[PDB]
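Working notes, beginning with the structure itself.
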Amino acid sequence: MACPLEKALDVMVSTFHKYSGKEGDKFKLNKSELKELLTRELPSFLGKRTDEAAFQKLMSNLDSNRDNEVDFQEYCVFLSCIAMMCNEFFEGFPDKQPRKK
Amino acid sequence: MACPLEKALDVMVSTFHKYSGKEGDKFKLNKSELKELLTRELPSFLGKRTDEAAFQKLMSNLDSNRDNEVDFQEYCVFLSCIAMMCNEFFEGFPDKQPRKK
Amino acid sequence: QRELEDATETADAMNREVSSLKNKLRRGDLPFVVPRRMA
């Protein structure tokens, strides 16, 4: 197996250069770049059902400078916030209903 | 191999719970928790060596409240601050252009 | 499905500190840093 936490940072810049250097810059991801990125290595974080709709809030929340182009700045906070995601998405609240009465 | 980008977020919360639940909380990392964390899965990212007189500075750079205990978002910005800090190195910008680097 | 709504919502938050934090990690008082590669 790989070095878990090491690969985290490694694949960040690795995958960062994978799908961004498709349309334009290798450090700049427009919608379609992130799209393919997530569809490939983050499909679990897409529910296997991501159109430009689920990506709308994604791109939006990433776009902190508000130009709609995820620079590395918007990218690191993309992933690190998916850490925080993955802790809730760990169980992923799959209809968790307790009965107190 | 593992799912590169997937393991990134996965190991975030995974390793997050590994070394934190050593002294205190499983979502709270004091100096010694991050220490072992980095020594194990991020030894490459020590660049030279994580010392103890250095860790007082380290923790303080991963704690904007300075309680010597990294919270979840600070743990993850920690991560992205490694990745984003790696930008110039891994991408191929040897201190070239003080813009997006 | 739209985890990225609640997930990377915080990205805009972390992003402001990230650029400052990644700056304090490279400040020089830090013991740890990214090597030329992943070494």
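We name chains A, B, ... following the order of the structure tokens; residues begin at 1 in each chain, and ligands are numbered from 1 as shown.
Matched residue by residue and fitted by least squares, the Cα atoms of chain B sit at an RMSD of 4.5 Å from chain A.
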Item to check | Counting only C-alpha atoms, chain A residues within 10 Å of chain C, as a VMD selection string | outcome: chain A and resid 6 to 7 9 to 10 45 to 50 53 to 65 73 to 86 88 to 89 92
For N, CA and C atoms, I'd like the residues from the last selection saved as a short mmCIF file (atom, residue, chain, number, x, y, z; two decimals), in the first residue's frame.
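See part.cif below for the written result:
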data_model
loop_
_atom_site.label_atom_id
_atom_site.label_comp_id
_atom_site.auth_asym_id
_atom_site.auth_seq_id
_atom_site.Cartn_x
_atom_site.Cartn_y
_atom_site.Cartn_z
N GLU A 6 1.27 10.79 3.22
CA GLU A 6 2.25 11.32 2.28
C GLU A 6 1.64 11.47 0.90
N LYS A 7 0.94 10.43 0.46
CA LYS A 7 0.29 10.44 -0.84
C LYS A 7 -0.76 11.54 -0.91
N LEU A 9 -0.67 14.69 0.20
CA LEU A 9 -0.07 15.92 -0.32
C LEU A 9 0.52 15.70 -1.71
N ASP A 10 1.10 14.52 -1.91
CA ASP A 10 1.72 14.17 -3.19
C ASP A 10 0.72 14.19 -4.33
N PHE A 45 -16.95 10.90 -3.78
CA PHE A 45 -17.36 12.23 -3.34
C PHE A 45 -18.28 12.87 -4.37
N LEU A 46 -18.73 12.06 -5.33
CA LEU A 46 -19.66 12.52 -6.35
C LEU A 46 -20.95 11.72 -6.33
N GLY A 47 -21.00 10.71 -5.47
CA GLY A 47 -22.15 9.82 -5.43
C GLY A 47 -22.37 9.11 -6.76
N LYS A 48 -21.33 9.12 -7.60
CA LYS A 48 -21.38 8.53 -8.94
C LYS A 48 -22.42 9.24 -9.82
N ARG A 49 -22.81 10.45 -9.44
CA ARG A 49 -23.85 11.17 -10.16
C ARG A 49 -23.60 12.68 -10.19
N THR A 50 -22.50 13.07 -10.79
CA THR A 50 -22.15 14.48 -10.83
C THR A 50 -22.25 15.08 -12.22
N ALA A 53 -24.27 20.40 -12.01
CA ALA A 53 -25.12 20.83 -10.91
C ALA A 53 -24.41 20.65 -9.56
N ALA A 54 -23.96 19.42 -9.27
CA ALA A 54 -23.23 19.16 -8.04
C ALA A 54 -21.90 19.92 -8.05
N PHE A 55 -21.35 20.09 -9.25
CA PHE A 55 -20.10 20.81 -9.43
C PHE A 55 -20.30 22.32 -9.32
N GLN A 56 -21.54 22.77 -9.45
CA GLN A 56 -21.85 24.19 -9.36
C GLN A 56 -21.48 24.74 -7.98
N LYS A 57 -21.93 24.06 -6.93
CA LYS A 57 -21.62 24.48 -5.57
C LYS A 57 -20.16 24.24 -5.28
N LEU A 58 -19.62 23.17 -5.84
CA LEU A 58 -18.21 22.84 -5.69
C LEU A 58 -17.34 23.99 -6.21
N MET A 59 -17.34 24.16 -7.53
CA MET A 59 -16.67 25.27 -8.20
C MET A 59 -16.89 26.59 -7.46
N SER A 60 -18.14 26.84 -7.09
CA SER A 60 -18.52 28.08 -6.42
C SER A 60 -17.80 28.25 -5.09
N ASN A 61 -17.85 27.22 -4.25
CA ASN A 61 -17.26 27.28 -2.92
C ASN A 61 -15.75 27.31 -3.00
N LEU A 62 -15.23 26.70 -4.05
CA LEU A 62 -13.79 26.71 -4.32
C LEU A 62 -13.34 28.10 -4.73
N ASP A 63 -14.10 28.68 -5.64
CA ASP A 63 -13.82 29.99 -6.19
C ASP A 63 -13.95 31.07 -5.12
N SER A 64 -12.86 31.32 -4.42
CA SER A 64 -12.86 32.24 -3.30
C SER A 64 -12.54 33.65 -3.78
N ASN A 65 -11.80 33.75 -4.88
CA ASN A 65 -11.48 35.04 -5.46
C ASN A 65 -12.59 35.47 -6.41
N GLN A 73 -4.60 27.81 -4.99
CA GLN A 73 -5.15 28.34 -3.75
C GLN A 73 -6.52 27.73 -3.47
N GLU A 74 -7.38 27.75 -4.49
CA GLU A 74 -8.75 27.28 -4.33
C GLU A 74 -8.77 25.76 -4.30
N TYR A 75 -7.69 25.18 -4.80
CA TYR A 75 -7.59 23.74 -4.95
C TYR A 75 -7.22 23.06 -3.63
N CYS A 76 -6.25 23.63 -2.93
CA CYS A 76 -5.81 23.06 -1.66
C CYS A 76 -6.94 23.08 -0.64
N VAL A 77 -7.69 24.16 -0.63
CA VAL A 77 -8.81 24.28 0.28
C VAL A 77 -9.98 23.44 -0.18
N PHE A 78 -10.02 23.16 -1.48
CA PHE A 78 -10.95 22.19 -2.02
C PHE A 78 -10.76 20.87 -1.29
N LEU A 79 -9.57 20.31 -1.42
CA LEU A 79 -9.27 19.00 -0.87
C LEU A 79 -9.27 18.96 0.64
N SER A 80 -8.59 19.88 1.28
CA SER A 80 -8.50 19.87 2.72
C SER A 80 -9.87 20.00 3.37
N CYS A 81 -10.79 20.64 2.67
CA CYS A 81 -12.15 20.74 3.13
C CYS A 81 -12.92 19.45 2.86
N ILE A 82 -12.40 18.62 1.97
CA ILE A 82 -13.00 17.32 1.73
C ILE A 82 -12.51 16.34 2.79
N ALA A 83 -11.39 16.67 3.45
CA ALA A 83 -11.03 16.00 4.69
C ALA A 83 -12.16 16.14 5.68
N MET A 84 -12.50 17.39 5.98
CA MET A 84 -13.62 17.69 6.87
C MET A 84 -14.90 17.05 6.35
N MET A 85 -15.05 17.03 5.03
CA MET A 85 -16.14 16.31 4.40
C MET A 85 -16.11 14.85 4.81
N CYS A 86 -14.96 14.22 4.56
CA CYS A 86 -14.80 12.77 4.72
C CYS A 86 -15.02 12.30 6.16
N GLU A 88 -17.49 13.56 8.09
CA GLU A 88 -18.94 13.48 8.17
C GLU A 88 -19.43 12.46 7.15
N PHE A 89 -18.80 12.49 5.98
CA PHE A 89 -19.11 11.58 4.90
C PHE A 89 -18.53 10.19 5.19
N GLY A 92 -21.66 9.27 6.33
CA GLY A 92 -22.40 9.86 5.22
C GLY A 92 -23.88 9.98 5.49
#
Checklist outcome for this item: Correct to one decimal, the distance atom CA of residue B:36-atom CA of residue A:42 is 27.8 Å
Checklist entry - What's the 7 Å shell around stretch 24-32 of chain A, counting only C-alpha atoms, without same-chain residues fewer than 5 positions away, as a PyMOL selection string? => result chain A and resi 16-17+59+68-72
For N, CA, C and O atoms, I'd like the residues from the last selection saved as a compact mmCIF listing (two decimals), in the first residue's frame.
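Output below, filename out.txt:
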# COMPACT_ATOMS: atom_id res chain seq x y z
N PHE A 16 -3.42 17.65 -9.35
CA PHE A 16 -3.54 19.07 -9.65
C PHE A 16 -3.03 19.38 -11.04
O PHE A 16 -3.58 20.21 -11.74
N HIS A 17 -1.95 18.70 -11.45
CA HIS A 17 -1.36 18.92 -12.76
C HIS A 17 -1.95 17.98 -13.81
O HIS A 17 -1.74 18.19 -15.01
N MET A 59 -17.34 24.16 -7.53
CA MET A 59 -16.67 25.27 -8.20
C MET A 59 -16.89 26.59 -7.46
O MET A 59 -15.95 27.34 -7.23
N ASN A 68 -14.09 32.03 -11.06
CA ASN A 68 -14.51 30.72 -11.57
C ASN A 68 -13.37 29.93 -12.21
O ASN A 68 -13.59 29.11 -13.10
N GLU A 69 -12.16 30.16 -11.73
CA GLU A 69 -11.00 29.38 -12.16
C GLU A 69 -10.22 28.94 -10.93
O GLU A 69 -9.56 29.76 -10.29
N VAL A 70 -10.30 27.66 -10.60
CA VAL A 70 -9.64 27.16 -9.42
C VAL A 70 -8.13 27.16 -9.61
O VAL A 70 -7.57 26.32 -10.31
N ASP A 71 -7.52 28.16 -9.01
CA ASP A 71 -6.08 28.23 -8.90
C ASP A 71 -5.65 27.27 -7.80
O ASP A 71 -6.51 26.68 -7.14
N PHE A 72 -4.36 27.11 -7.56
CA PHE A 72 -3.92 26.14 -6.57
C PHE A 72 -4.43 26.52 -5.19
O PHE A 72 -4.70 25.66 -4.35
Next on the checklist: Among chain B, which ones does DSSP assign to alpha helix (DSSP H) (computed from the backbone)? Answer as a PyMOL selection string.
Outcome noted: chain B and resi 4-18+31-41+52-61+72-86
For the residues in that selection, give me N, CA and C atoms as a compact mmCIF listing (two decimals), in the first residue's frame.
# COMPACT_ATOMS: atom_id res chain seq x y z
N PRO B 4 -5.35 7.48 -5.62
CA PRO B 4 -4.47 8.56 -5.17
C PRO B 4 -5.20 9.71 -4.48
N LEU B 5 -6.08 10.37 -5.21
CA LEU B 5 -6.77 11.53 -4.69
C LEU B 5 -7.80 11.11 -3.64
N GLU B 6 -8.37 9.92 -3.81
CA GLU B 6 -9.36 9.43 -2.85
C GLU B 6 -8.70 9.19 -1.50
N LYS B 7 -7.55 8.53 -1.51
CA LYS B 7 -6.82 8.24 -0.29
C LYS B 7 -6.41 9.53 0.40
N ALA B 8 -6.16 10.58 -0.39
CA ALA B 8 -5.82 11.88 0.17
C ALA B 8 -6.82 12.31 1.24
N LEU B 9 -8.10 12.37 0.88
CA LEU B 9 -9.14 12.79 1.83
C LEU B 9 -9.36 11.71 2.88
N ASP B 10 -9.30 10.45 2.44
CA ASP B 10 -9.52 9.31 3.33
C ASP B 10 -8.50 9.27 4.46
N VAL B 11 -7.23 9.39 4.11
CA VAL B 11 -6.16 9.31 5.09
C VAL B 11 -6.12 10.56 5.95
N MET B 12 -6.67 11.65 5.43
CA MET B 12 -6.79 12.88 6.20
C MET B 12 -7.48 12.61 7.51
N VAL B 13 -8.71 12.13 7.45
CA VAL B 13 -9.48 11.85 8.65
C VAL B 13 -9.01 10.56 9.33
N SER B 14 -8.47 9.64 8.54
CA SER B 14 -7.95 8.40 9.08
C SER B 14 -6.76 8.68 10.00
N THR B 15 -5.73 9.31 9.45
CA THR B 15 -4.53 9.64 10.19
C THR B 15 -4.84 10.69 11.25
N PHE B 16 -5.84 11.52 10.95
CA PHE B 16 -6.35 12.51 11.88
C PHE B 16 -6.77 11.86 13.19
N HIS B 17 -7.33 10.66 13.10
CA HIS B 17 -7.79 9.95 14.28
C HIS B 17 -6.70 9.04 14.86
N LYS B 18 -5.65 8.80 14.09
CA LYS B 18 -4.59 7.87 14.50
C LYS B 18 -3.79 8.40 15.69
N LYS B 31 1.09 19.08 20.00
CA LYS B 31 2.39 19.00 19.32
C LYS B 31 2.83 17.56 19.09
N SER B 32 2.84 16.78 20.17
CA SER B 32 3.33 15.41 20.14
C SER B 32 2.52 14.51 19.19
N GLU B 33 1.26 14.85 18.97
CA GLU B 33 0.39 14.04 18.13
C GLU B 33 0.75 14.26 16.67
N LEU B 34 0.83 15.53 16.30
CA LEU B 34 1.25 15.91 14.96
C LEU B 34 2.67 15.44 14.70
N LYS B 35 3.50 15.54 15.73
CA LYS B 35 4.87 15.08 15.67
C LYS B 35 4.95 13.67 15.13
N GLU B 36 4.33 12.74 15.84
CA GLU B 36 4.37 11.35 15.46
C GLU B 36 3.71 11.15 14.10
N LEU B 37 2.63 11.89 13.88
CA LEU B 37 1.91 11.85 12.61
C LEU B 37 2.86 12.12 11.44
N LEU B 38 3.54 13.26 11.50
CA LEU B 38 4.47 13.64 10.45
C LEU B 38 5.68 12.71 10.41
N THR B 39 6.18 12.28 11.56
CA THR B 39 7.35 11.40 11.60
C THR B 39 7.08 10.07 10.90
N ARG B 40 5.82 9.67 10.89
CA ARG B 40 5.44 8.38 10.34
C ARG B 40 5.12 8.48 8.86
N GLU B 41 4.08 9.23 8.52
CA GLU B 41 3.59 9.28 7.15
C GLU B 41 4.05 10.52 6.38
N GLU B 52 12.07 19.50 18.73
CA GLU B 52 11.11 19.87 19.77
C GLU B 52 11.09 21.37 19.99
N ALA B 53 12.26 22.00 19.90
CA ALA B 53 12.34 23.45 19.99
C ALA B 53 11.80 24.07 18.71
N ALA B 54 11.66 23.23 17.70
CA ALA B 54 11.07 23.63 16.44
C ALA B 54 9.56 23.43 16.48
N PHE B 55 9.14 22.40 17.19
CA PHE B 55 7.73 22.04 17.28
C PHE B 55 6.91 23.10 18.02
N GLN B 56 7.55 23.86 18.90
CA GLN B 56 6.87 24.96 19.57
C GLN B 56 6.48 26.02 18.53
N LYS B 57 7.30 26.12 17.49
CA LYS B 57 7.02 27.01 16.37
C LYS B 57 6.04 26.35 15.42
N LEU B 58 6.22 25.05 15.22
CA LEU B 58 5.39 24.28 14.30
C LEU B 58 3.93 24.32 14.72
N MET B 59 3.65 23.82 15.92
CA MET B 59 2.29 23.82 16.46
C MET B 59 1.68 25.21 16.40
N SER B 60 2.48 26.21 16.72
CA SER B 60 2.01 27.58 16.75
C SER B 60 1.66 28.08 15.34
N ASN B 61 2.19 27.41 14.32
CA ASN B 61 1.90 27.75 12.94
C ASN B 61 0.72 26.93 12.42
N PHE B 72 -9.82 20.59 13.54
CA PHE B 72 -10.03 19.91 12.27
C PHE B 72 -9.66 20.78 11.06
N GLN B 73 -10.23 21.97 10.95
CA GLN B 73 -9.94 22.83 9.80
C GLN B 73 -8.47 23.22 9.80
N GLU B 74 -7.88 23.42 10.98
CA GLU B 74 -6.49 23.81 11.09
C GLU B 74 -5.60 22.62 10.71
N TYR B 75 -6.11 21.42 10.97
CA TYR B 75 -5.43 20.19 10.59
C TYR B 75 -5.41 20.05 9.08
N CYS B 76 -6.48 20.49 8.44
CA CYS B 76 -6.61 20.31 7.01
C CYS B 76 -5.93 21.44 6.25
N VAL B 77 -6.04 22.67 6.74
CA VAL B 77 -5.29 23.78 6.15
C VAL B 77 -3.81 23.47 6.28
N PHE B 78 -3.44 22.84 7.39
CA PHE B 78 -2.11 22.27 7.57
C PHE B 78 -1.72 21.48 6.34
N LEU B 79 -2.63 20.61 5.93
CA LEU B 79 -2.41 19.74 4.79
C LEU B 79 -2.23 20.54 3.51
N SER B 80 -3.13 21.47 3.28
CA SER B 80 -3.12 22.22 2.06
C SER B 80 -1.97 23.20 2.05
N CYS B 81 -1.52 23.57 3.23
CA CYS B 81 -0.35 24.41 3.38
C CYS B 81 0.92 23.62 3.14
N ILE B 82 0.82 22.30 3.15
CA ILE B 82 1.93 21.48 2.70
C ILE B 82 1.88 21.37 1.18
N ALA B 83 0.72 21.00 0.67
CA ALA B 83 0.51 20.85 -0.77
C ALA B 83 0.80 22.14 -1.52
N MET B 84 0.15 23.21 -1.09
CA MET B 84 0.32 24.51 -1.72
C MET B 84 1.73 25.03 -1.55
N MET B 85 2.35 24.63 -0.46
CA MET B 85 3.73 25.00 -0.20
C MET B 85 4.66 24.21 -1.12
N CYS B 86 4.17 23.07 -1.58
CA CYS B 86 4.91 22.20 -2.49
C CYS B 86 4.82 22.69 -3.93
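Going from atom CA of residue B:101 over to atom CA of residue B:43, you cover 23.0 Å.
Using only C-alpha atoms, the shortest contact distance between chain A and any of B:67, B:93, B:23, B:51 is found at B:93.
For the choices B:94, B:66, B:44, B:20, the atom-to-atom distance to chain A is smallest for B:44 when using only C-alpha atoms.
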